[PDB]
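Asker: If you scroll down you'll find the structure; I have some questions about it.
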Amino acid sequence: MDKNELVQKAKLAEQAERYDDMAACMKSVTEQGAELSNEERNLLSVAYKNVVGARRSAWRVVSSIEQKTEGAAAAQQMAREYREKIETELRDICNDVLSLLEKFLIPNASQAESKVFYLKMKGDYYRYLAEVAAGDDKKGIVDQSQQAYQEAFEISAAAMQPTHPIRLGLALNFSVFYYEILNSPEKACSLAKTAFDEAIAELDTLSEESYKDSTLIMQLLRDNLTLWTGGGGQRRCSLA
Amino acid sequence: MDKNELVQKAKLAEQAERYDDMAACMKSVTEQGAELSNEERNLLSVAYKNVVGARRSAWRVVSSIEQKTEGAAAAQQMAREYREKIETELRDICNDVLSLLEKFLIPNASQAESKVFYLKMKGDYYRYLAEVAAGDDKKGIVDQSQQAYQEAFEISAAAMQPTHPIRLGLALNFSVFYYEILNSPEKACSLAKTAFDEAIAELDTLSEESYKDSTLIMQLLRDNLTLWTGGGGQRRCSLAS
C-alpha cells in the first residue's frame, strides 16, 4: 500500500525470481505518480525485461517450429495459434509498459539521464512490438521506436559523456534496431563503432560507480560489430 | 479435444518452456482416464517438476530471508506472508498431482514399471509437502511420503533389475527422503550405497535402450554418498591406493 513496502516487496520478488510479482509491485509504485529513484526505475526495468523476455523467447521458438513445418496443416495451425496467443501476451505487456512511460515516467523525468533512460525504454518496447507486427501496423510501430530512440540519442549526445552506461546502452539497442528492424547493417555498425570508439578515447572519464557497466556494454558493442562484419576466426594474435 | 492434440500441445509448450501450459495439457490427458504411454508420463512428470520447482526454489530463498531477519518486525511479517503465499501455491500444485496419482495413474498402472514410477512420484510430491509442513500435519505428510516410497521399493525389488533406471531413481529419491526429511543420514547412505553396489554387481542386466540413464543415476547416487559421508579426499588416487 505504501511506496517503500511495495519496493521492499519488489526486491523480495526479485530474489524469488517471481517477476510477475516484481512487475505488479513496481507498476503500482509508478502509478502513485512520484518520480522514480534510480533504484526503483531499475527494479521496474528488470521486472518487465523478464516478463516480456519470457514471451519473446517463447515466440521465437514457436515461430521457428511453425516455419520448419511443411506438410502438416494441423501441426502448423497449432503452432500458428500458439504463436498468436504468445503474441497477444507480448502486446499486452508492451502496452502496459508503454502506457506507464507515457502517463508517468517520461513526463516526470526531471534529469537528462532519466529522460534518456525512459525514451530508450520506449524505443525498446516499440521494438518488441515491431518484432511481432505485420503489415500496416508495423510501419507505425517502427516509426514510434525510431523516434523514441532518436530523441534519447540527441539528449544523450548533448548531456552525457561517451562512457556513460546509459549513453552506451542506448547505442547498443539503437544499433540493434537499425540492424534487425530497419535492416541496415551499415548504419547499425556505424552507430555501434562510433559509440565504442568515442568511449575508448576517454576511459579516464570512468568512475568506480559505473566502470564495470560501461566496459561491459563496450564489449557487447564490439561483439555485435564482429558478428555483423563477419569478423573473428583470424589467426591468433601475438603482439604485432 | 483429442488426446494426440493435447500431447502435441504439451510438446509445443515444453519447447516454449511454458510449463503451466504443458502441465494443463498433460493433466487433461490424464483425466481422460486411459493409461499414459511412457512418453506421456514423462511429459506429465517434466511439466509438474517445473511448475512445483519454481515454487520450491522461491520458497527456499524467501524462507532463508525470513530467518536471516531476526531483527525487523515489518520486514519479518512481509517475508513471512510471502513465504506463506508461495507455500499455498506449492501445496495446491502438490495436491493437484497427488489427486491425479490417486484417482487415475496409480489405479490404472498395469505394469510394475509404471506402478513404481507413480508410487515414487507420490513419494516425491508428499516429500515436497513435507519440506514446507510445520506442526501437526507434518508427521502425517512424512508418513505418506514414506509409505509411497516403501511400496515402490518393494515392487521394484521384486520386478525390476538393479540397473533399471526407475529402480535407481527411486533409490536416489528415497535416500534423499531419509537424509533430509527423516534426518537419517546413515539410513540414506545405506540405501544409496546398496542400490549402487547392486547395480555394479549386475551390469549384464543393462540394455542398449537405457544404459546411459542407468550409469548417470549410479553416478548421482555415489555423488550423494560422497557429499553425505564428508566430501572427497585430499590425496589423488593412483592404482591400489
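In this analysis, Cβ positions are derived from the backbone assuming ideal geometry, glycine residues included, and neighbour counts consider all displayed protein chains. Every read-out reported here was derived from the displayed coordinates using simple, explicitly stated rules and does not represent laboratory data.
Asker: What list of ³J(HN,Hα) couplings, whole Hz, do you get for region B:30-39 from phi and the Karplus terms 6.51, -1.76, 1.60, once you set θ to phi - 60° and write x for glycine and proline?
Answerer: Those phi angles translate into 4, 5, 5, x, 8, 4, 7, 5, 4, 4 Hz.
Asker: Looking at chain A, which longest stretch skips every one of the trypsin sites (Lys or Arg not before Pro) that is in a DSSP loop with at most 12 other Cβ atoms within 10 Å, leaving the sites themselves out? Spell out each step's value before the answer.
Answerer: Working: sites that count: A:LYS68, A:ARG235, A:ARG236.
The segment A:69-234 is the longest one with no such site.
Asker: Okay, moving on. Which order do A:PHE153, A:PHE117 fall in if you start with the one that has the fewest other Cβ atoms within 10 Å? Don't jump to the answer; show the numbers that get you there.
Answerer: Values: A:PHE153 20, A:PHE117 24.
Starting with the residue having the fewest Cβ neighbours, the order is A:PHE153, A:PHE117.
Asker: What is the average number of partner chain Cβ atoms found within 10 Å of a Cβ in A:75-88?
Answerer: Mean number of neighbouring Cβ atoms from other chains: 2.
Asker: Then there is this: Using a simple spin-label model with points 7 Å from Cα along the Cα→Cβ vector, what separation in nm is obtained for B:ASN50 and A:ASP92?
Answerer: 2.0 nm
Asker: Measure out, as a whole number of angstrom, how far apart the alpha-carbon centroids of region B:1-65 and region A:192-221 sit.
Answerer: 44 Å
Asker: Less than 13 Å apart at the alpha-carbon level, and either on another chain or at least 8 residues along: which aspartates and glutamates does that give for A:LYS11?
Answerer: Counting by Cα, and skipping residues close in sequence, A:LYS11 has these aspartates and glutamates nearby: A:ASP20, A:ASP21, A:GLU39, A:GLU40.
Asker: Helix-derived [θ] at 222 nm for chain B: sum -39500 (n - 2.57) over DSSP H runs of at least 4, divide by residue count, nearest 500?
Answerer: Computed mean residue ellipticity for chain B: -25000 deg cm²/dmol.
Asker: Turning to a different aspect of this structure: Using Cα positions and a limit of under 20 Å, work out the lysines in reach of B:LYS138, with same-chain residues fewer than 8 apart set aside.
Answerer: Excluding near neighbours in sequence, the set is B:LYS85, B:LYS120, B:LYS122.
Asker: Using Cβ contacts closer than 10 Å as the measure, can you line up A:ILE217, B:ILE200 from fewest to most?
Answerer: If I rank by nearby Cβ atoms, fewest first, I get B:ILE200, A:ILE217.
Asker: Then there is this: Please go through the residue pairs A:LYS27/A:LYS139; A:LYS49/B:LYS68; A:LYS27/A:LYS187; B:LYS27/B:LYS187 and name each one whose alpha carbons sit more than 31 Å apart in this structure.
Answerer: A:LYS27/A:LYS187; B:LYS27/B:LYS187, as the Cα separations exceed 31 Å there.
Asker: Using a cut-off of under 18 Å, list every residue of region B:26-61 whose amide N is near the label point 7 Å from the Cα of A:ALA74 along the Cα-to-beta-carbon line.
Answerer: B:26, B:29, B:37, B:40
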